[PDB]
>>> print(open('target_16.pdb').read())   # PDB, C-alpha atoms and all ligand atoms
ATOM      1  CA  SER A   1      94.482  89.474  99.614
ATOM      2  CA  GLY A   2      93.225  88.011 102.908
ATOM      3  CA  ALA A   3      92.794  88.583 106.643
ATOM      4  CA  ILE A   4      92.524  86.736 109.983
ATOM      5  CA  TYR A   5      89.379  87.508 112.063
ATOM      6  CA  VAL A   6      89.932  86.705 115.759
ATOM      7  CA  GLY A   7      87.751  88.246 118.498
ATOM      8  CA  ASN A   8      87.430  91.995 117.698
ATOM      9  CA  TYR A   9      90.718  91.940 115.670
ATOM     10  CA  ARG A  10      91.396  91.938 111.876
ATOM     11  CA  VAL A  11      94.962  90.811 110.926
ATOM     12  CA  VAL A  12      96.231  91.857 107.441
ATOM     13  CA  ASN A  13      99.543  92.449 105.648
ATOM     14  CA  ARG A  14     100.632  96.014 106.578
ATOM     15  CA  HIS A  15     101.230  96.725 102.833
ATOM     16  CA  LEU A  16      97.510  95.908 102.067
ATOM     17  CA  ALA A  17      95.969  97.763 105.070
ATOM     18  CA  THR A  18      93.056 100.079 104.099
ATOM     19  CA  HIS A  19      92.133 103.576 105.377
ATOM     20  CA  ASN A  20      89.496 101.902 107.632
ATOM     21  CA  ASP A  21      92.279  99.666 109.066
ATOM     22  CA  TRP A  22      94.498 102.718 109.884
ATOM     23  CA  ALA A  23      91.474 104.654 111.298
ATOM     24  CA  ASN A  24      90.815 101.628 113.657
ATOM     25  CA  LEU A  25      94.482 100.760 114.366
ATOM     26  CA  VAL A  26      95.475  98.425 117.270
ATOM     27  CA  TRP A  27      99.082  97.544 116.364
ATOM     28  CA  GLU A  28     101.376  97.648 113.302
ATOM     29  CA  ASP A  29     104.975  96.574 112.567
ATOM     30  CA  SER A  30     106.602  97.257 109.126
ATOM     31  CA  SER A  31     109.494  94.810 109.870
ATOM     32  CA  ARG A  32     106.821  91.999 110.194
ATOM     33  CA  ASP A  33     104.463  93.300 107.402
ATOM     34  CA  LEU A  34     101.549  93.002 109.953
ATOM     35  CA  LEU A  35      98.751  95.418 110.864
ATOM     36  CA  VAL A  36      95.848  94.751 113.245
ATOM     37  CA  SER A  37      92.659  96.859 113.282
ATOM     38  CA  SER A  38      89.569  96.603 115.542
ATOM     39  CA  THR A  39      86.252  95.102 114.264
ATOM     40  CA  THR A  40      82.622  95.791 115.402
ATOM     41  CA  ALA A  41      81.675  92.094 114.712
ATOM     42  CA  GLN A  42      83.320  89.177 116.665
ATOM     43  CA  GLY A  43      85.707  87.018 114.525
ATOM     44  CA  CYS A  44      85.862  83.174 114.859
ATOM     45  CA  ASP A  45      89.369  82.227 113.519
ATOM     46  CA  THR A  46      91.432  80.310 116.134
ATOM     47  CA  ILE A  47      95.140  81.332 116.275
ATOM     48  CA  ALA A  48      97.572  78.363 116.575
ATOM     49  CA  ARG A  49      99.509  78.341 119.904
ATOM     50  CA  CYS A  50     102.272  75.863 119.008
ATOM     51  CA  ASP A  51     105.706  75.438 117.348
ATOM     52  CA  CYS A  52     104.381  73.341 114.369
ATOM     53  CA  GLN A  53     106.522  73.399 111.175
ATOM     54  CA  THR A  54     103.934  71.537 109.030
ATOM     55  CA  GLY A  55     100.615  72.892 107.847
ATOM     56  CA  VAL A  56      98.574  73.923 104.792
ATOM     57  CA  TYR A  57      98.470  77.357 103.079
ATOM     58  CA  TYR A  58      96.054  78.910 100.542
ATOM     59  CA  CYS A  59      97.659  79.981  97.250
ATOM     60  CA  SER A  60      95.155  82.310  95.475
ATOM     61  CA  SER A  61      97.241  82.311  92.228
ATOM     62  CA  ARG A  62      96.671  78.480  91.944
ATOM     63  CA  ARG A  63      93.187  78.326  93.606
ATOM     64  CA  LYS A  64      94.782  75.503  95.677
ATOM     65  CA  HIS A  65      95.696  74.681  99.313
ATOM     66  CA  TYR A  66      99.212  73.141  99.557
ATOM     67  CA  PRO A  67     100.644  71.041 102.411
ATOM     68  CA  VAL A  68     104.076  72.449 103.319
ATOM     69  CA  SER A  69     106.931  72.256 105.820
ATOM     70  CA  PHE A  70     108.034  75.732 107.042
ATOM     71  CA  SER A  71     111.013  77.173 108.970
ATOM     72  CA  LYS A  72     110.786  78.733 112.449
ATOM     73  CA  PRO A  73     109.892  82.451 112.562
ATOM     74  CA  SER A  74     113.183  84.385 111.956
ATOM     75  CA  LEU A  75     114.826  87.608 110.663
ATOM     76  CA  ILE A  76     115.435  86.922 106.904
ATOM     77  CA  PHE A  77     116.662  89.021 103.948
ATOM     78  CA  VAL A  78     113.786  89.300 101.380
ATOM     79  CA  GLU A  79     114.639  90.356  97.763
ATOM     80  CA  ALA A  80     112.766  93.305  96.157
ATOM     81  CA  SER A  81     109.039  92.701  95.425
ATOM     82  CA  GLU A  82     106.488  94.989  93.723
ATOM     83  CA  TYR A  83     105.281  96.080  97.261
ATOM     84  CA  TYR A  84     108.630  96.248  99.274
ATOM     85  CA  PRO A  85     112.326  96.936  98.588
ATOM     86  CA  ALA A  86     115.007  94.290  99.206
ATOM     87  CA  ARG A  87     115.049  94.283 103.055
ATOM     88  CA  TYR A  88     115.143  92.306 106.331
ATOM     89  CA  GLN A  89     111.704  90.987 107.439
ATOM     90  CA  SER A  90     111.259  89.699 111.028
ATOM     91  CA  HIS A  91     109.087  86.791 112.351
ATOM     92  CA  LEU A  92     109.121  85.319 108.772
ATOM     93  CA  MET A  93     108.786  81.532 108.083
ATOM     94  CA  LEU A  94     109.820  80.097 104.659
ATOM     95  CA  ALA A  95     108.511  77.045 102.749
ATOM     96  CA  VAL A  96     109.201  75.609  99.265
ATOM     97  CA  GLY A  97     106.166  76.609  97.213
ATOM     98  CA  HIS A  98     104.525  79.093  94.880
ATOM     99  CA  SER A  99     103.904  82.715  95.993
ATOM    100  CA  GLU A 100     103.064  85.826  93.891
ATOM    101  CA  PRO A 101     102.262  89.291  95.312
ATOM    102  CA  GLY A 102      98.415  88.769  95.029
ATOM    103  CA  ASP A 103      98.846  85.649  97.260
ATOM    104  CA  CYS A 104      99.686  87.925 100.238
ATOM    105  CA  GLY A 105      97.049  87.288 102.958
ATOM    106  CA  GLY A 106      96.497  83.566 102.237
ATOM    107  CA  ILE A 107      96.169  81.627 105.515
ATOM    108  CA  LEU A 108      98.773  79.080 106.714
ATOM    109  CA  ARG A 109      97.007  76.641 109.142
ATOM    110  CA  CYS A 110      98.143  73.652 111.260
ATOM    111  CA  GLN A 111      96.156  71.338 113.587
ATOM    112  CA  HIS A 112      96.141  74.177 116.260
ATOM    113  CA  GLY A 113      94.590  76.772 113.876
ATOM    114  CA  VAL A 114      95.912  79.881 112.087
ATOM    115  CA  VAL A 115      99.732  80.091 112.034
ATOM    116  CA  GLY A 116     100.249  83.108 109.784
ATOM    117  CA  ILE A 117      99.539  84.784 106.419
ATOM    118  CA  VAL A 118     101.477  84.786 103.147
ATOM    119  CA  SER A 119     103.812  87.839 103.140
ATOM    120  CA  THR A 120     106.709  87.052 100.681
ATOM    121  CA  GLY A 121     107.369  85.100  97.457
ATOM    122  CA  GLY A 122     109.877  84.492  94.633
ATOM    123  CA  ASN A 123     112.753  82.023  93.852
ATOM    124  CA  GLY A 124     110.323  79.119  94.549
ATOM    125  CA  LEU A 125     109.830  80.036  98.249
ATOM    126  CA  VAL A 126     106.717  81.304 100.048
ATOM    127  CA  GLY A 127     107.224  83.428 103.206
ATOM    128  CA  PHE A 128     104.587  83.568 105.998
ATOM    129  CA  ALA A 129     104.278  86.342 108.624
ATOM    130  CA  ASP A 130     103.838  84.443 111.944
ATOM    131  CA  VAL A 131     101.018  85.526 114.350
ATOM    132  CA  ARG A 132     101.428  82.712 116.963
ATOM    133  CA  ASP A 133     103.599  84.976 119.278
ATOM    134  CA  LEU A 134     100.771  87.633 119.361
ATOM    135  CA  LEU A 135      99.003  86.042 122.439
ATOM    136  CA  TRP A 136      96.920  89.289 123.046
ATOM    137  CA  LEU A 137      94.934  88.479 119.829
ATOM    138  CA  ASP A 138      93.051  85.856 122.026
ATOM    139  CA  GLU A 139      91.722  88.341 124.697
ATOM    140  CA  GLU A 140      90.469  91.908 125.607
TER     141      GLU A 140
HETATM  142 ZN    ZN B   1     100.267  73.856 115.359
END
>>> encode(input="target_16.pdb", output="structure tokens", more="lines below")
Ligand SMILES: [Zn+2]
Amino acid sequence: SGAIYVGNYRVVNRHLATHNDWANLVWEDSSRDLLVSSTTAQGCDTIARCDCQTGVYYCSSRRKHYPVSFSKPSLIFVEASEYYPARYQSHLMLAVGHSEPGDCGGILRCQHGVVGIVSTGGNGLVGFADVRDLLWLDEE
């Protein structure tokens, strides 16, 4: 589980979005596993605006933050998980590390702020759904 709270936006994995998220929908994209809903309270997370390929992510299944190198956001084939079929996922960044389904929503951060949230796992890789291209998160 986990979310990004920026301005009046809540960023979650689409597959974990709640009824309240869908009833307050701003934007969703299945191919990215992202959903954004509107909040009544202002959020304080800073979104990274950068092309960093190093940062730190939270791994709930190890209660640990790991420093990792990660690939640039790309269209990648993801093998079947308990929450998605085998399919292509867009704007996905891979690192070498541990990821289980319950780790979805863990923050990846760099020196510029929030890069993305854990979205995929398995075969010793962790996949992160990038949010750095969503510049509208910072305004309105
Ligand atoms: Zn950065």
>>> residues_near_ligand(input="target_16.pdb", ligand="ligand ZN 1 (chain B)", cutoff="8 Å", atoms="all atoms listed in the file", output="number ranges by chain")
A: 48-55, 109-113, 115
>>> closest_residue(input="target_16.pdb", among="A:56, A:76, A:4, A:95", to="residue A:43", atoms="all atoms listed in the file")
A:4
>>> residues_around(input="target_16.pdb", residues="residue A:133", least_positions_apart="3", cutoff="12 Å", atoms="all atoms listed in the file", output="list in words")
residues 32, 47, 48, 49, 50, 51, 72, 73, 91, 92, 114, 115, 116, 129, 130, 136, 137 and 138 of chain A
>>> atom_distance(input="target_16.pdb", atom1="atom CA of residue A:108", atom2="atom CA of residue A:96")
13.3 Å
>>> residues_around(input="target_16.pdb", residues="stretch 121-126 of chain A", least_positions_apart="4", cutoff="6 Å", atoms="only C-alpha atoms", output="number ranges by chain")
A: 94-100
>>> write_last_selection(input="target_16.pdb", atoms="C-alpha atoms", output="PDB file, in the frame of the given file")
ATOM      1  CA  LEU A  94     109.820  80.097 104.659  1.00  0.00           C
ATOM      2  CA  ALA A  95     108.511  77.045 102.749  1.00  0.00           C
ATOM      3  CA  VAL A  96     109.201  75.609  99.265  1.00  0.00           C
ATOM      4  CA  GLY A  97     106.166  76.609  97.213  1.00  0.00           C
ATOM      5  CA  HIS A  98     104.525  79.093  94.880  1.00  0.00           C
ATOM      6  CA  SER A  99     103.904  82.715  95.993  1.00  0.00           C
ATOM      7  CA  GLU A 100     103.064  85.826  93.891  1.00  0.00           C
TER       8      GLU A 100
END
>>> closest_residue(input="target_16.pdb", among="A:39, A:89, A:69, A:81", to="residue A:23", atoms="only C-alpha atoms")
A:39
>>> resolve_selection(input="target_16.pdb", expression="the PyMOL selection byres (((chain A and resi 60) around 12) and not hetatm)", output="list in words")
residues 1, 2, 57, 58, 59, 61, 62, 63, 64, 65, 66, 98, 99, 100, 101, 102, 103, 104, 105, 106, 107 and 118 of chain A
>>> closest_residue(input="target_16.pdb", among="A:40, A:120, A:31, A:20", to="residue A:82", atoms="only C-alpha atoms")
A:120
>>> closest_residue(input="target_16.pdb", among="A:117, A:6, A:135, A:93", to="residue A:41", atoms="all atoms listed in the file")
A:6
>>> atom_distance(input="target_16.pdb", atom1="atom CA of residue A:42", atom2="atom CA of residue A:8")
5.1 Å
>>> residues_around(input="target_16.pdb", residues="residue A:13", least_positions_apart="2", cutoff="6 Å", atoms="all atoms listed in the file", output="ChimeraX atom specification")
/A:15-16,33-34
>>> atom_distance(input="target_16.pdb", atom1="atom CA of residue A:14", atom2="atom CA of residue A:78")
15.7 Å
>>> decode(input="target_16.pdb", residues="chain A", atoms="C-alpha atoms", output="tab-separated table (two decimals), in the first residue's frame")
chain	number	residue	atom	x	y	z
A	1	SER	CA	0.00	0.00	0.00
A	2	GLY	CA	0.95	3.69	-0.26
A	3	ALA	CA	0.16	7.03	-1.89
A	4	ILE	CA	1.75	10.36	-2.91
A	5	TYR	CA	0.07	13.52	-1.49
A	6	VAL	CA	0.88	16.59	-3.61
A	7	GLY	CA	-1.29	19.74	-3.50
A	8	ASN	CA	-4.96	18.57	-3.68
A	9	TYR	CA	-3.92	15.28	-5.41
A	10	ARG	CA	-3.61	11.67	-4.08
A	11	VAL	CA	-1.51	9.35	-6.34
A	12	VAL	CA	-2.05	5.56	-5.90
A	13	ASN	CA	-1.64	2.35	-7.92
A	14	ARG	CA	-4.79	2.06	-10.10
A	15	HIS	CA	-5.19	-1.59	-8.89
A	16	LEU	CA	-5.41	-0.36	-5.21
A	17	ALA	CA	-7.72	2.66	-5.84
A	18	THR	CA	-10.72	2.81	-3.44
A	19	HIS	CA	-14.37	3.77	-4.10
A	20	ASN	CA	-13.57	7.24	-2.63
A	21	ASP	CA	-10.70	7.54	-5.17
A	22	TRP	CA	-13.04	6.70	-8.13
A	23	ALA	CA	-15.78	9.03	-6.74
A	24	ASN	CA	-13.13	11.89	-6.68
A	25	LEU	CA	-11.30	10.92	-9.90
A	26	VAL	CA	-8.88	13.35	-11.65
A	27	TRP	CA	-7.00	11.01	-14.02
A	28	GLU	CA	-6.36	7.26	-14.44
A	29	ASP	CA	-4.31	5.11	-16.84
A	30	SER	CA	-4.40	1.24	-16.64
A	31	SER	CA	-1.27	0.93	-18.88
A	32	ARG	CA	0.67	2.94	-16.17
A	33	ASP	CA	-1.14	1.41	-13.10
A	34	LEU	CA	-1.75	5.05	-11.87
A	35	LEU	CA	-4.88	6.75	-10.52
A	36	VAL	CA	-5.12	10.29	-9.13
A	37	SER	CA	-8.03	11.48	-6.96
A	38	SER	CA	-8.72	14.94	-5.44
A	39	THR	CA	-8.16	15.64	-1.68
A	40	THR	CA	-9.87	18.22	0.63
A	41	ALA	CA	-6.56	18.68	2.60
A	42	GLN	CA	-3.36	20.08	0.91
A	43	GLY	CA	-0.56	17.46	0.47
A	44	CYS	CA	3.17	18.31	1.04
A	45	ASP	CA	5.09	15.65	-1.01
A	46	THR	CA	7.42	17.26	-3.61
A	47	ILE	CA	7.47	15.47	-7.01
A	48	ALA	CA	10.99	15.08	-8.52
A	49	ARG	CA	11.44	17.05	-11.80
A	50	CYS	CA	14.62	15.38	-13.11
A	51	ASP	CA	16.04	12.40	-15.06
A	52	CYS	CA	17.77	10.79	-11.99
A	53	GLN	CA	18.42	7.00	-12.20
A	54	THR	CA	19.55	6.67	-8.55
A	55	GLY	CA	17.36	6.98	-5.48
A	56	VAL	CA	15.90	5.13	-2.49
A	57	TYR	CA	12.63	3.12	-2.32
A	58	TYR	CA	10.55	1.81	0.61
A	59	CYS	CA	10.07	-1.98	0.67
A	60	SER	CA	7.20	-2.72	3.12
A	61	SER	CA	7.88	-6.52	2.99
A	62	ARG	CA	11.41	-5.86	4.48
A	63	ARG	CA	10.53	-2.75	6.60
A	64	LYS	CA	13.62	-1.24	4.87
A	65	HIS	CA	14.55	1.61	2.48
A	66	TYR	CA	17.00	0.42	-0.24
A	67	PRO	CA	19.32	2.56	-2.38
A	68	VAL	CA	18.90	1.50	-6.03
A	69	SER	CA	19.80	2.36	-9.62
A	70	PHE	CA	16.73	2.32	-11.94
A	71	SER	CA	16.11	2.35	-15.72
A	72	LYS	CA	14.44	5.21	-17.61
A	73	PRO	CA	10.62	5.12	-17.76
A	74	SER	CA	9.70	2.72	-20.65
A	75	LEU	CA	7.10	0.30	-22.11
A	76	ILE	CA	8.05	-3.13	-20.59
A	77	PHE	CA	6.47	-6.62	-20.62
A	78	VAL	CA	5.48	-7.54	-17.00
A	79	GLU	CA	4.82	-11.25	-16.15
A	80	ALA	CA	1.52	-12.24	-14.45
A	81	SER	CA	1.09	-11.02	-10.83
A	82	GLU	CA	-1.77	-11.67	-8.36
A	83	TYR	CA	-3.26	-8.22	-9.36
A	84	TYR	CA	-2.55	-8.08	-13.20
A	85	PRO	CA	-2.17	-10.53	-16.11
A	86	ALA	CA	1.10	-10.82	-18.07
A	87	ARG	CA	1.00	-7.50	-20.02
A	88	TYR	CA	2.82	-4.38	-21.28
A	89	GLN	CA	3.09	-1.58	-18.66
A	90	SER	CA	4.09	1.95	-19.78
A	91	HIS	CA	6.24	4.60	-17.96
A	92	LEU	CA	7.77	1.72	-15.88
A	93	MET	CA	11.34	1.91	-14.40
A	94	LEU	CA	13.11	-1.31	-13.23
A	95	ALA	CA	15.74	-1.84	-10.49
A	96	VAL	CA	17.42	-4.95	-9.01
A	97	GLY	CA	15.68	-5.46	-5.67
A	98	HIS	CA	12.91	-7.12	-3.70
A	99	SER	CA	9.22	-6.46	-4.55
A	100	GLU	CA	6.07	-8.40	-3.51
A	101	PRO	CA	2.48	-7.36	-4.33
A	102	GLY	CA	1.92	-5.71	-0.85
A	103	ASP	CA	4.96	-3.46	-1.62
A	104	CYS	CA	2.91	-1.66	-4.32
A	105	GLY	CA	2.71	2.05	-3.32
A	106	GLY	CA	6.15	2.30	-1.66
A	107	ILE	CA	7.81	5.61	-2.58
A	108	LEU	CA	10.95	5.85	-4.78
A	109	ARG	CA	12.72	9.19	-3.96
A	110	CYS	CA	15.84	10.98	-5.29
A	111	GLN	CA	17.43	14.31	-4.26
A	112	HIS	CA	14.62	16.17	-6.22
A	113	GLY	CA	11.77	14.40	-4.32
A	114	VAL	CA	9.21	11.72	-5.24
A	115	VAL	CA	10.07	9.84	-8.46
A	116	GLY	CA	7.39	7.15	-8.45
A	117	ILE	CA	5.69	4.29	-6.56
A	118	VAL	CA	6.34	0.54	-6.56
A	119	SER	CA	4.05	-1.07	-9.20
A	120	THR	CA	5.69	-4.44	-10.22
A	121	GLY	CA	7.85	-7.22	-8.72
A	122	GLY	CA	9.22	-10.75	-9.28
A	123	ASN	CA	12.42	-12.37	-10.74
A	124	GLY	CA	14.51	-10.14	-8.39
A	125	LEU	CA	13.37	-6.86	-10.03
A	126	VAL	CA	11.23	-4.04	-8.61
A	127	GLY	CA	9.24	-1.89	-11.09
A	128	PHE	CA	8.28	1.75	-10.30
A	129	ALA	CA	5.45	3.71	-11.98
A	130	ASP	CA	7.04	7.11	-12.84
A	131	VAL	CA	5.14	10.34	-11.92
A	132	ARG	CA	7.87	12.88	-12.93
A	133	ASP	CA	6.23	13.48	-16.41
A	134	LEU	CA	2.89	14.45	-14.69
A	135	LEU	CA	3.83	18.21	-14.38
A	136	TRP	CA	0.11	19.18	-13.67
A	137	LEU	CA	0.44	17.47	-10.23
A	138	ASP	CA	2.36	20.69	-9.15
A	139	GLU	CA	-0.48	23.22	-9.93
A	140	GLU	CA	-4.28	24.01	-10.14
